[PDB]
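Chemist: Structure provided below as structure tokens; questions to follow.
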Amino acid sequence: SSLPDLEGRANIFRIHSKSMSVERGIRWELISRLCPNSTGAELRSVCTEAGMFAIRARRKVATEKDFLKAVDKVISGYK
Amino acid sequence: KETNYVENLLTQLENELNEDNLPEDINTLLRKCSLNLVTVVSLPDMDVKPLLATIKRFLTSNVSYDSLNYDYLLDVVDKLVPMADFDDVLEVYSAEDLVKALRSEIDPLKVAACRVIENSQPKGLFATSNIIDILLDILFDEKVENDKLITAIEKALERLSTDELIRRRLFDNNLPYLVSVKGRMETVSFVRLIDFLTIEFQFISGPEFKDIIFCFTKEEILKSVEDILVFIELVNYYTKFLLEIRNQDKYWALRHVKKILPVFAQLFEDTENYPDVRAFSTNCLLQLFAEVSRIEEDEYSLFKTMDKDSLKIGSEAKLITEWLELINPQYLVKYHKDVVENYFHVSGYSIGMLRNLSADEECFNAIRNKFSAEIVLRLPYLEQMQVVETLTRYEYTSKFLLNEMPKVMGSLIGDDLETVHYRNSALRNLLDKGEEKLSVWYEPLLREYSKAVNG
């Protein structure tokens with residue numbers, strides 16, 4: 001209907017990772033620049049995916065690298 | 001009804017702000033102002049000078065308030081400035097007042113300026129001044145972590161970039177600065193530049209275009225691979241670039257890019273040396289390759305060299321399906337009839353490739369043999385409806401589904417909600433052909449369409 005701005009996108013990502021086991025300084029502005037014109041739950045899924053890449057690599061704390069893997073899977077990933 | 005009410009809400013705010021002490025309710029009032037400003041078209045007949053003077057005063061005054069949530073105020077400013085008469089807005093936030101604001105240390109005041117600069121009328125107003133120059137220094141400074149401001153700067157820049165005067169200030173006056181950020185290549189600064197540039201290429205014209213800023217060297221691309229996030233953004237910049245080439249018939253820019261493209265393909269193939277490339281960027285790279293096999297060139301010269309030297313379509317076992325789902329089917333048929341004929345079959349799985357291979361008539365002819373009326377009815381209905389719907393898209397495919405697989409036509413007409421979407425999609429795409437083309441199929445196609453939409 002309207003989509004979120006660079007600011008809002010980071011805000012989604014930050015508020016969302018609170019309930020997630022995640023490593024310290026993940027550059028959320030940068031992650032948001034990789035999800036342009038991306039839906040609410042699209043970004044939420046990039047988090048679910050990052051969580052999966054962590055579990056996949058037998059990890060509890062999800063890397064920024066796990067989020068990059070997550071973006072390439074969800075955002076750049078054609079159905 | 002006659003919405004006077006809106007100006008009554010603005011004047012009462014103006015009063016509660018100019019007061020010696022401010023109330024608790026102020027935030028709920030500002031929220032009521034923002035809500036009532038979305039609704040109502042450009043109306044409240046008064047020059048708004050008092051409330052904008054009071055707002056500019058409130059921002060320059062850094063003053064921290066226990067009750068006041070500065071964001072709710074700026075929300076009003078964002079909604080007020082565009083609706084308001086810009087000539088009267090220039091009185092409060094003067095050309096010089098903005099230079100002052102953007103060079104200050106008050107972040108909320110800077111944002112206010114960016115909302116003013118966004119709503120510049122005429123657009124090239126501040127193109128004579130260094131107001132454009134300031135914004136670029138803020139935008140490309142990694143220390144600036146204000147998300148609301150960073151965006152306000154870009155939202156302002158995007159609006160103004162339609163103007164030739166604003167673009168001249170960027171790619172001439174500021175061109176040396178822009179070039180510095182590029183060679184600098186600090187992740188935050190650089191990625192901001194990528195995103196600034198992908199916006200600027202929408203409005204940039206053949207002469208206006210400066211090769212130096214929009215283009216990335218082989219040695220630049222390889223340097224990005226370290227911080228993989230940059231390489232990804234760069235892959236993306238180019239996939240996006242090679243797309244707004246076909247989507248604006250800007251074939252002039254194709255020379256500038258053509259050069260570095262094989263670099264990406266090289267980097268993709270090399271795994272021994274760039275594990276990060278194939279790990280963190282496989283998909284978006286495949287996307288960029290899909291765009292290269294689309295660009296207007298001498299019988300796919302660049303792409304076939306890219307395929308022979310680095311991509312190697314078909315040699316790559318696991319990738320065959322992806323290649324067949326993405327790469328230009330016109331190209332796929334020409335150079336990989338083998339890959340198209342041997343590896344495509346009609347399955348539930350196939351669908352991805354089926355929808356891409358169907359796009360070129362010549363290509364679909366090479367995969368028409370894989371179409372038994374039986375092989376299709378083997379599938380569950382949802383799969384069938386996706387297959388049928390895919391065939392219902394083009395002239396040659398509809399013509400084939402109608403004439404050659406009538407058993408399948410029967411299945412579509414018959415005797416899950418996703419299944420229904422695909423089916424009805426197919427049903428209508430078929431009825432768009434007409435009574436004649438359809439023949440024996442028109443009468444029931446309509447019957448089974450009314451059945452599906454009416455009730």
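Chain labels A, B, ... are given in the sequence in which chains occur in the structure tokens; within each chain residues are numbered consecutively from 1, and ligands are likewise numbered from 1 in the order shown.
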Which residues of chain A are close to chain B, meaning at most 8 Å apart when you count only C-alpha atoms, and how do they look as a ChimeraX atom specification?

Modeler: /A:5-7,29-30,33-34,65,68-69,72-73,76-77

Chemist: Step one, run DSSP on the backbone; step two, keep only residues of segment 255-337 of chain B assigned to alpha helix (DSSP H); then write them as a VMD selection string.

Modeler: chain B and resid 255 to 258 261 to 269 275 to 280 282 to 292 301 to 306 320 to 326 329 to 337

Chemist: Extract, using only C-alpha atoms, all DNA, RNA and protein residues at most 8 Å from residue 64 of chain A, discarding same-chain residues fewer than 4 positions from it, and format them as a CSV table (one decimal) with N, CA and C atoms, in the first residue's frame.

Modeler:
```csv
chain,number,residue,atom,x,y,z
A,23,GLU,N,24.2,-11.2,17.2
A,23,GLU,CA,25.5,-10.6,17.5
A,23,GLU,C,25.4,-9.1,17.6
A,26,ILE,N,25.3,-5.2,14.3
A,26,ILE,CA,24.9,-5.5,12.9
A,26,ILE,C,24.5,-4.2,12.3
A,27,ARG,N,25.1,-3.8,11.2
A,27,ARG,CA,24.9,-2.5,10.6
A,27,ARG,C,23.5,-2.4,9.9
A,68,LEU,N,23.0,-11.4,5.6
A,68,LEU,CA,23.3,-11.2,4.2
A,68,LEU,C,22.8,-12.4,3.4
```

Chemist: List the spatial neighbours of residue 99 of chain B as number ranges by chain - criterion: any atom at most 12 Å away, only C-alpha atoms, same-chain residues fewer than 3 positions off excluded.

Modeler: B: 93-96, 102-104, 109-110, 113-114, 116-117, 126, 129-135

Chemist: I need the chosen residues saved as a short mmCIF file (atom, residue, chain, number, x, y, z; two decimals), in the first residue's frame, with N, CA, C and O atoms.

Modeler:
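Saved file result_8.cif follows:
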```
data_model
loop_
_atom_site.label_atom_id
_atom_site.label_comp_id
_atom_site.auth_asym_id
_atom_site.auth_seq_id
_atom_site.Cartn_x
_atom_site.Cartn_y
_atom_site.Cartn_z
N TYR B 93 11.76 30.19 6.52
CA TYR B 93 13.00 29.45 6.27
C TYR B 93 13.62 30.07 5.03
O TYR B 93 13.38 29.60 3.92
N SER B 94 14.36 31.17 5.20
CA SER B 94 15.00 31.88 4.09
C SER B 94 16.15 31.08 3.49
O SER B 94 16.66 30.17 4.14
N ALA B 95 16.54 31.43 2.25
CA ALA B 95 17.65 30.78 1.55
C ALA B 95 18.86 30.68 2.48
O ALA B 95 19.44 29.60 2.63
N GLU B 96 19.17 31.77 3.20
CA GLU B 96 20.26 31.82 4.16
C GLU B 96 19.96 31.06 5.45
O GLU B 96 20.88 30.47 6.02
N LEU B 102 21.36 23.65 8.17
CA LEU B 102 22.10 22.46 7.72
C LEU B 102 23.55 22.41 8.19
O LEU B 102 24.14 21.33 8.20
N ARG B 103 24.12 23.57 8.56
CA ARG B 103 25.48 23.65 9.05
C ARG B 103 25.53 23.63 10.56
O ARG B 103 26.61 23.51 11.14
N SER B 104 24.36 23.67 11.21
CA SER B 104 24.23 23.66 12.66
C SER B 104 24.56 22.30 13.25
O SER B 104 25.08 21.43 12.57
N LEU B 109 16.42 20.39 13.57
CA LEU B 109 16.33 21.60 12.75
C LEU B 109 16.78 21.30 11.32
O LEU B 109 16.17 21.80 10.37
N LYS B 110 17.85 20.49 11.19
CA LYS B 110 18.39 20.09 9.89
C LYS B 110 17.26 19.46 9.09
O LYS B 110 16.94 19.95 8.01
N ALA B 113 14.74 21.70 7.51
CA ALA B 113 15.33 22.28 6.29
C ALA B 113 15.11 21.34 5.08
O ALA B 113 14.62 21.77 4.03
N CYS B 114 15.39 20.04 5.28
CA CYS B 114 15.24 18.97 4.29
C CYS B 114 13.80 18.77 3.82
O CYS B 114 13.58 18.16 2.78
N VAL B 116 11.75 21.46 3.72
CA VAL B 116 11.60 22.74 3.00
C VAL B 116 12.23 22.58 1.60
O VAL B 116 11.55 22.80 0.58
N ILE B 117 13.51 22.12 1.58
CA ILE B 117 14.32 21.86 0.38
C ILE B 117 13.65 20.80 -0.51
O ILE B 117 13.73 20.89 -1.73
N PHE B 126 17.46 26.46 -5.17
CA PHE B 126 18.72 26.44 -4.45
C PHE B 126 19.88 25.85 -5.27
O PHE B 126 20.95 25.57 -4.72
N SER B 129 22.71 28.34 -5.36
CA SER B 129 23.37 28.33 -4.05
C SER B 129 24.04 27.00 -3.74
O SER B 129 23.80 25.99 -4.42
N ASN B 130 24.86 26.98 -2.68
CA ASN B 130 25.56 25.79 -2.21
C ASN B 130 24.73 24.93 -1.24
O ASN B 130 25.30 24.11 -0.52
N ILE B 131 23.39 25.11 -1.22
CA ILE B 131 22.50 24.33 -0.37
C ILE B 131 22.55 22.85 -0.76
O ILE B 131 22.55 21.98 0.11
N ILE B 132 22.68 22.58 -2.07
CA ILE B 132 22.83 21.22 -2.58
C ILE B 132 24.15 20.63 -2.06
O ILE B 132 24.16 19.52 -1.53
N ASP B 133 25.23 21.42 -2.15
CA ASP B 133 26.59 21.07 -1.72
C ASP B 133 26.63 20.60 -0.26
O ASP B 133 27.28 19.58 0.02
N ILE B 134 25.92 21.33 0.65
CA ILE B 134 25.84 21.03 2.09
C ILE B 134 25.25 19.63 2.30
O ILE B 134 25.92 18.78 2.89
N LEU B 135 24.04 19.39 1.76
CA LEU B 135 23.32 18.11 1.86
C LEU B 135 24.21 16.89 1.54
O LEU B 135 24.17 15.90 2.27
#
```

Chemist: In Å to one decimal, how far is atom CA of residue 316 of chain B from atom CA of residue 260 of chain B?

Modeler: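 Atom-to-atom, atom CA of residue 260 of chain B and atom CA of residue 316 of chain B are spaced 22.8 Å apart.
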
Chemist: Pick out the closest residue to residue 63 of chain A from this set: A:48, A:21, A:39, A:32. Count only C-alpha atoms.

Modeler: A:21

Chemist: Using only C-alpha atoms, which of the listed residues (A:45, A:19, A:2, A:11) sits closest to residue 67 of chain A?

Modeler: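 Among the listed residues, A:45 lies closest to residue 67 of chain A.
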
Chemist: As an NGL selection string, please: the residues near residue 425 of chain B (cut-off 10 Å, only C-alpha atoms, same-chain neighbours under 3 positions excluded).

Modeler: :B and (385-386 or 388-390 or 392-393 or 419-422 or 428-430 or 449)

Chemist: Could you list, as a ChimeraX atom specification, every residue within 9 Å of residue 372 of chain B, counting only C-alpha atoms and ignoring same-chain residues fewer than 5 positions away?

Modeler: /B:346,377,404-405

Chemist: For the selection you just gave me, I'd like the residues written to a file as an mmCIF file, in the first residue's frame, keeping C-alpha atoms.

Modeler:
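Saved to out_6.cif:
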```cif
data_model
loop_
_atom_site.group_PDB
_atom_site.id
_atom_site.type_symbol
_atom_site.label_atom_id
_atom_site.label_comp_id
_atom_site.auth_asym_id
_atom_site.auth_seq_id
_atom_site.Cartn_x
_atom_site.Cartn_y
_atom_site.Cartn_z
ATOM 1 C CA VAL B 346 6.919 -31.497 -17.816
ATOM 2 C CA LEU B 377 -2.905 -34.882 -16.455
ATOM 3 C CA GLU B 404 -3.038 -30.032 -29.444
ATOM 4 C CA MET B 405 -3.853 -31.060 -25.854
#
```

Chemist: Env of residue 13 of chain A: 10 Å cut, atoms = only C-alpha atoms, seq-sep filter 3 positions within chain, self excluded. Answer as JSON, numbers by chain.

Modeler: {"A": [8, 9, 10, 16, 17, 18, 28, 29, 31, 32, 40, 43, 44, 46, 47]}

Chemist: Please dump the current selection as a PDB file, in the first residue's frame; keep N, CA and C atoms.

Modeler:
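Full text of result.pdb as output:
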```pdb
ATOM      1  N   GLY A   8      12.470   3.644   8.732  1.00  0.00           N
ATOM      2  CA  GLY A   8      11.481   2.668   9.165  1.00  0.00           C
ATOM      3  C   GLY A   8      11.962   1.242   9.030  1.00  0.00           C
ATOM      4  N   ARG A   9      12.620   0.932   7.895  1.00  0.00           N
ATOM      5  CA  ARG A   9      13.182  -0.388   7.609  1.00  0.00           C
ATOM      6  C   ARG A   9      14.169  -0.820   8.700  1.00  0.00           C
ATOM      7  N   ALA A  10      15.121   0.072   9.073  1.00  0.00           N
ATOM      8  CA  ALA A  10      16.082  -0.183  10.145  1.00  0.00           C
ATOM      9  C   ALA A  10      15.296  -0.383  11.446  1.00  0.00           C
ATOM     10  N   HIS A  16      12.693  -5.860  15.832  1.00  0.00           N
ATOM     11  CA  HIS A  16      12.498  -7.272  15.558  1.00  0.00           C
ATOM     12  C   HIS A  16      13.569  -8.193  16.075  1.00  0.00           C
ATOM     13  N   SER A  17      14.826  -7.734  16.104  1.00  0.00           N
ATOM     14  CA  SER A  17      15.963  -8.532  16.568  1.00  0.00           C
ATOM     15  C   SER A  17      16.071  -8.584  18.103  1.00  0.00           C
ATOM     16  N   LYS A  18      15.251  -7.789  18.816  1.00  0.00           N
ATOM     17  CA  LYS A  18      15.210  -7.782  20.276  1.00  0.00           C
ATOM     18  C   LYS A  18      14.853  -9.188  20.769  1.00  0.00           C
ATOM     19  N   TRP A  28      22.457  -2.228  10.732  1.00  0.00           N
ATOM     20  CA  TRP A  28      21.085  -2.227  10.245  1.00  0.00           C
ATOM     21  C   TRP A  28      20.693  -1.236   9.173  1.00  0.00           C
ATOM     22  N   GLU A  29      21.391  -0.109   9.081  1.00  0.00           N
ATOM     23  CA  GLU A  29      21.140   0.870   8.017  1.00  0.00           C
ATOM     24  C   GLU A  29      21.507   0.212   6.701  1.00  0.00           C
ATOM     25  N   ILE A  31      21.818  -3.137   6.074  1.00  0.00           N
ATOM     26  CA  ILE A  31      20.915  -4.254   5.788  1.00  0.00           C
ATOM     27  C   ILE A  31      19.632  -3.727   5.096  1.00  0.00           C
ATOM     28  N   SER A  32      19.124  -2.578   5.573  1.00  0.00           N
ATOM     29  CA  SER A  32      17.960  -1.889   5.030  1.00  0.00           C
ATOM     30  C   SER A  32      18.184  -1.376   3.612  1.00  0.00           C
ATOM     31  N   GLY A  40       6.543  -5.169   4.959  1.00  0.00           N
ATOM     32  CA  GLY A  40       6.738  -5.316   6.393  1.00  0.00           C
ATOM     33  C   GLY A  40       7.274  -6.689   6.711  1.00  0.00           C
ATOM     34  N   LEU A  43      10.785  -8.083   5.433  1.00  0.00           N
ATOM     35  CA  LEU A  43      11.883  -7.752   6.336  1.00  0.00           C
ATOM     36  C   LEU A  43      11.886  -8.668   7.546  1.00  0.00           C
ATOM     37  N   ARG A  44      10.681  -9.004   8.072  1.00  0.00           N
ATOM     38  CA  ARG A  44      10.503  -9.911   9.209  1.00  0.00           C
ATOM     39  C   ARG A  44      10.996 -11.281   8.817  1.00  0.00           C
ATOM     40  N   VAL A  46      13.342 -11.827   6.490  1.00  0.00           N
ATOM     41  CA  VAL A  46      14.802 -11.717   6.374  1.00  0.00           C
ATOM     42  C   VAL A  46      15.408 -12.062   7.769  1.00  0.00           C
ATOM     43  N   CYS A  47      14.665 -11.752   8.869  1.00  0.00           N
ATOM     44  CA  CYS A  47      15.070 -12.051  10.249  1.00  0.00           C
ATOM     45  C   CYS A  47      14.910 -13.523  10.554  1.00  0.00           C
TER      46      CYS A  47
END
```
